[PDB]
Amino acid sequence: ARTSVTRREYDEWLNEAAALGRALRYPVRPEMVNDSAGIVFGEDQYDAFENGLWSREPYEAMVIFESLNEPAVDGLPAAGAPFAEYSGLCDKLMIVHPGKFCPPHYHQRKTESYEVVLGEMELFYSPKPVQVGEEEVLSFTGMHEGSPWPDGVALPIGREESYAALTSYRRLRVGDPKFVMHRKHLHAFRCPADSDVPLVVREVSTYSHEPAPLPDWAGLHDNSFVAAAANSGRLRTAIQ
């Protein structure tokens, strides 16, 4: 069971990913292609590189080039500081290879939108949000129900369970309408294992908190993954 990705493996992975992005017209500047864009969700997932990203095997891994992550604090009424973290502007391109996933997780503050740039995205999610604290929350459009998963979705071994709660399915393609994923909703997507290209999608969402706009913003955790193993990973990718 591999426990890390080699330097060559990582660089080629993010270097191909970077060029594929620019071609697809995304402003990926070298500053952004770094030892953090490449993500492996868990020590169990480093086996993704035992056969390669073109192996078509079910693993939790991806690359994320972030071009923007504006807090949007400036100009906001002082009385809005308490809730300023539920706002903000994040823009990032994500690259997922055939068969690979972006593990089941939900965000307390972040609300995301998806725009397929290349390939097809099989989105999985829970139509019901999670009750984060006894506090009262607003409603409006919520998350619709969606469709039944298509047959044959191979899930990473040992993470089979983390997908249970994500009953709703959705197939987003290039050209489709923008898809909104409200905070507090369990989501996860994958690139069809039999894809001919890597899934590529522009994520326009609210601020991305990653472990100072405001003092109370200091190291906030906004990523909550079902499978605990995934949590010990998103933090960084072990590169030899």
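The first residue of the shown sequence is 1; numbering continues from there.
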Unmodelled deposited residues flanked by residue 211 on one side and residue 212 on the other
4 to 9
Entry B factor averaged over C-alpha atoms, 158-166 against 97-105: higher for 158-166
Going by the B-factors listed in the PDB entry, is the mean over the C-alpha atoms higher for 19-27 or for 226-234?
226-234
Comparing recorded Cα B-factors across 69, 45, 34, 205, which one is largest?
45
Selection from 120, 115, 91, 151 [criterion: highest C-alpha temperature factor in the record]
151
Going by the entry, which third of its chain does the Cα temperature factor of residue 185 land in?
highest
Ranking every modelled residue in this chain by its Cα temperature factor as given in the entry, which third contains residue 38?
lowest
Residue 76 by Cα B-factor - lowest, middle or highest third of the modelled chain
middle
Third of chain Cα B-factors occupied by residue 177:
lowest
Ranked by Cα temperature factor within the chain, is residue 215 in the lowest third, the middle third or the highest third?
highest
